[PDB]
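In structure tokens, one chain follows: the form deposited in one PDB entry.
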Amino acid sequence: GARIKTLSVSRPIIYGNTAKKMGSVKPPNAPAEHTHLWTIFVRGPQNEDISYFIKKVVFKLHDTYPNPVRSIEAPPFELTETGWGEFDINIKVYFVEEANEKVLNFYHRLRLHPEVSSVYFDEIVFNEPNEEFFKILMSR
């Protein structure tokens, strides 16, 4: 049989963090009491480009950080920082203009303690994409 259904398009997405206990040499302007180096990221499978449909990723860190809303406007959509505690990060994915989409919000608990990593391989499902954005989606 055949039926008309609502159009939807999927995009695999990888996000989370890696973490590292610092040995002896710390980054320059790093607070003295910080114990770990960590990296929060949003990327594609096989580290393929995702910037064709993602314009910008913003990470909201714990308020103890200076300028805690960190906007990354070009790939790699990641941020490496120092710390001493585990906390929630708000990951905001901003799609390219022609998508006419709201910010994709989601959460990640930063893991430092048992290199440690906390990583997720999920799917972004776009409901009812417009013709322009569909083209961009299909460009790969």
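In this text, rigid core is short for the largest set of C-alphas that superpose within 1.5 Å between two forms. The first residue of the shown sequence is 1; numbering continues from there. Residues that one form lacks are left out of the comparison.
Omitted here: the form solved in complex with a partner chain. The next part is about that form.
The contact with its partner chain in the entry with it bound, taken as any heavy atom within 4.5 Å, belongs to 86 out of 78, 86, 81, 98. Residue contact check for residue 112: one or more of its heavy atoms lie within 4.5 Å of its partner chain in the entry with it bound.
With a 4.5 Å cutoff on heavy atoms, residue 56 does not count as touching its partner chain in the entry with it bound; it lies far away. Taking the partner from the other structure, its partner chain in the entry with it bound has a heavy atom within 4.5 Å of a heavy atom of residue 62. Contact check for residue 36: a heavy atom falls within 4.5 Å of its partner chain in the entry with it bound. Among the residues 76, 27, 85, 68, the single one whose Cα moves by at least 2 Å between the shown form and the other one, once the core is superposed, is 27. Once the two forms are aligned on their core, only one segment of at least three consecutive shared residues with Cα displacements of 2 Å or more between the shown form and the other one appears, at 24 to 29.
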